[PDB]
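What follows is a single chain, given as structure tokens, in the form deposited in one PDB entry.
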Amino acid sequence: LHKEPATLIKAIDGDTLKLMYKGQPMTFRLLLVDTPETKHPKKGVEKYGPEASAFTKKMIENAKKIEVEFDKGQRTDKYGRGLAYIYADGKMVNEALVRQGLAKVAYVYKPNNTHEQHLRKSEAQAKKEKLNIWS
């Protein structure tokens, strides 16, 4: 796997962002993580939703460099969102959210599962520390 550059357009919520990638606006969905939703139609804002959204927004807006890393499988979902691991100054946003107890590790879909074990280690530490979603 290889990291490519991208530029922020807009942070949409905790796990969805609009970036400029290879010259075009594209929506990205963060691979392997589920963040509580803010714009969820059924039962409005979920708990930790605004916080997960603020954490990704801060991390991405304050960064010097944003990179996008596709996994081994399909690179877009059925809604046309890029499926990637996103790095802000070399730090993976997907992992940072799980580490702070602001996301759960998603149901995984082989072969887009390269960083699953690493994220599962971070989630188990956040559970052990009782952070946010886990308190």
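Numbering starts at 1 and follows the sequence shown.
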With B-factors read from the PDB entry, the higher C-alpha mean of 109 to 117 and 13 to 21 is in 109 to 117
When the C-alpha temperature factors are averaged for each of 33 to 41 and 67 to 75, which stretch ends up with the higher value in the entry?
33 to 41
Please work out which residue in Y87, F55, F28, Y48 has the highest C-alpha B-factor recorded for this crystal structure.
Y48
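Heads up, the form deposited with a small molecule bound isn't pictured, but that's what we're talking about next.
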Interface residue in the deposited bound form among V105, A96, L83, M26, criterion: non-hydrogen atom within 4.5 angstroms of the small molecule
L83
Using a 4.5 Å heavy atom cut-off, state whether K64 contacts the small molecule in the deposited bound form.
no
Examine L31 and determine whether its closest non-hydrogen atom to the small molecule in the deposited bound form is within 4.5 angstroms.
yes
Residue-level question: is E69 within 4.5 Å of the small molecule in the deposited bound form, judged on heavy atoms?
no
Answer with yes or no whether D15 is in contact with the small molecule in the deposited bound form, where contact means some heavy atom within 4.5 Å.
yes
